[PDB]
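Using PDB author numbering, you'd call the opening residue of the sequence shown number 1 and step up by one each time.
All C-beta atoms, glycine included, are put in the ideal place defined by N, C-alpha and C.
Just below is one structure, and these are the notes that go with it.
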Amino acid sequence: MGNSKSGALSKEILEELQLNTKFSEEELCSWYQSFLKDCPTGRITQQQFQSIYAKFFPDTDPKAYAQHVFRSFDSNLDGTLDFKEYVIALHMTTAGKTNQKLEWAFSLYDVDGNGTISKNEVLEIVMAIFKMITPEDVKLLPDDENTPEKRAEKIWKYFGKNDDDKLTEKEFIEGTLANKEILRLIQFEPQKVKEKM
């Protein structure tokens with residue numbers, strides 16, 4: 001009964017996804033079909049998204065991080081993501097694209113969603129990230145970057161901001177482009193590794 005599919009993806013979505021990922025159309029449609037079986041409305045919740053991460057991080061606690069990630073893609077703030085946003089969200093975590101939408105990195109760090117980043121939002125995200133790595137991974141970080149408080153202080157120092165100043169998106173973009181040290185600090189993802197070599 002073609003011409004009618006409650007299980008059909010969409011050509012706009014399929015395209016956006018093929019652009020931002022390495023998945024083929026056939027791979028996406030097959031994934032979508034299974035996703036519809038556990039999420040029949042075609043939308044996944046905060047709680048289910050967090051459970052995905054909790055199940056694949058045996059030794060750590062990625063829930064707070066997963067919650068921030070979900071929040072950053074939840075436009076209407078429903079507490080739900082459609083297939084496309086859940087697929088892209090799963091991609092933000094593990095690189096697969098660096099300078100990977102500076103757009104997403106900004107949305108993640110603007111916790112309040114007010115349009116700027118404050119130092120408290122920075123600390124909040126960095127704390128969520130530390131909860132997802134192990135004490136052994138932490139032993140591997142630069143001594144001045146090994147705690148949430150230290151990373152956030154340092155990030156704020158590089159963005160040349162005083163403690164009560166807000167960081168705008170234009171500044172975020174300029175900083176990350178102008179100084180490589182800033183980009184590295186921001187896309188904090190040296191999970192057992194350490195770049196900046």
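- Considering only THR21, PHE130, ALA152, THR41, the residue with the shortest C-alpha distance to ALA95 is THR21.
- The count of Cβ pairs closer than 8 angstroms, one atom from the segment 143-154 and one from the segment 80-90, stays below three, leaving the stretches out of contact.
- Between the C-alpha atoms of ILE44 and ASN76 there is a straight-line separation of about 14 angstroms.
- For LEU81, there is no enclosing alpha helix (DSSP H); the residue is found in the beta strand (DSSP E) stretching over 80-82.
- Minimum Cα-Cα distance from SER34 among the listed residues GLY7, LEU141, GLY175 corresponds to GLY7.
- Relative to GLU181, the option among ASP164, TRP156, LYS170 whose CA is nearest is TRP156.
- Inter-residue distance for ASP38 and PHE83 is about 12 angstroms (C-alpha atoms, whole angstroms).
- The C-alpha of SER51 lies about 21 angstroms from the C-alpha of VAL111.
- Judged by beta-carbon spacing, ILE117 lies beyond the 8 angstroms limit of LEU177, meaning their Cβ atoms are not closer than that value.
- Apart from the 5 residues on each side of it in sequence, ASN146 sits with its Cβ closer than 6 angstroms to the Cβ of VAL138 in its chain, given in chain order.
- The DSSP assignment places 119-130, 135-139 as complete runs of the alpha helix (DSSP H) inside the segment 105-156, in order along the chain (cut-off: 4 residues).
- Rounded to the nearest whole angstrom, the CA to CA distance from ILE186 to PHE70 is 18 angstroms.
- Straight through space, the alpha carbons of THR80 and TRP31 are spaced by roughly 18 angstroms.
- Under the three-state reduction of DSSP, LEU36 is assigned to helix.
- In terms of CA proximity to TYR158, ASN179 leads the group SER4, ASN179, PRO190.
- Under the DSSP assignment, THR176 falls in the alpha helix (DSSP H) whose first and last residues are 169-178.
- Within the same chain, Cβ atoms closer than 8 angstroms to the Cβ of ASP163 are found at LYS119, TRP156, the five residues on either side in sequence being excluded.
- Per DSSP, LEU9 lies in no alpha helix (DSSP H) and is assigned neither H nor E.
- Here the C-alpha atom of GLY113 lies approximately 14 angstroms from the C-alpha atom of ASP78.
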